[PDB]
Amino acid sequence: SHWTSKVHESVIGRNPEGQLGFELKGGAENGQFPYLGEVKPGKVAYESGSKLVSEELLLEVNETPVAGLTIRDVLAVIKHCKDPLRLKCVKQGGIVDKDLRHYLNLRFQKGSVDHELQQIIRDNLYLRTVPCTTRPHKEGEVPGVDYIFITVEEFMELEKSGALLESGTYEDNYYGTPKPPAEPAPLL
């Protein structure tokens, strides 16, 4: 019944080349969970615990939640984690799907394990996104940092084209979060 009911921990090591044995797909820049490519038996160096089916959603790496991040950021987390890599995953099927917009529209009971996870995933998504809003700019706000200030017509165009991962309304205005960009601007 719960979204988290099939969650499990799989512990792996990196291959001689330094790879995981499978590819990572998805990520928030594509509106998705990070999820595994095809998992071919024999390619993953498992240590001990449960194994992985193809295309499981990746939720945490060595206790750092990565669901809600871009693929770049997920891979950066893995780069700084030391073997063994404890991966929290859940297989796709039923109510569990890689689509982040569908997932963020699910309403879980407050305080439930499903709810706590959803809010962690939202915090990750908020790390690399600026919300858009149709309400006017206010004193002290930096356009493009606090908000993207757009018209209602623009907002609805973003909704219709699937660019928004979540949206809502409050005091006569629309609020929403678009997908983060695939590659961020270099910092150094």
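Numbering starts at 1 and follows the sequence shown.
The PDB entry records a higher mean C-alpha B factor for 41-49 than for its counterpart among 41-49 and 24-32. Between 163-171 and 8-16, it is 8-16 that carries the larger average Cα temperature factor according to the deposited entry. Per the PDB record, residue ranking by Cα B-factor puts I95 in the middle third of the chain.
Among all modelled residues in this chain, the alpha-carbon of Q109 has a temperature factor (C-alpha) in the highest third.
Remark: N124 belongs to the middle third of its chain, ranked by C-alpha B-factor as recorded. In this PDB entry, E157 carries a Cα temperature factor that places it within the highest third of its chain's modelled residues. Among all modelled residues in this chain, the alpha-carbon of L117 has a temperature factor (C-alpha) in the lowest third.
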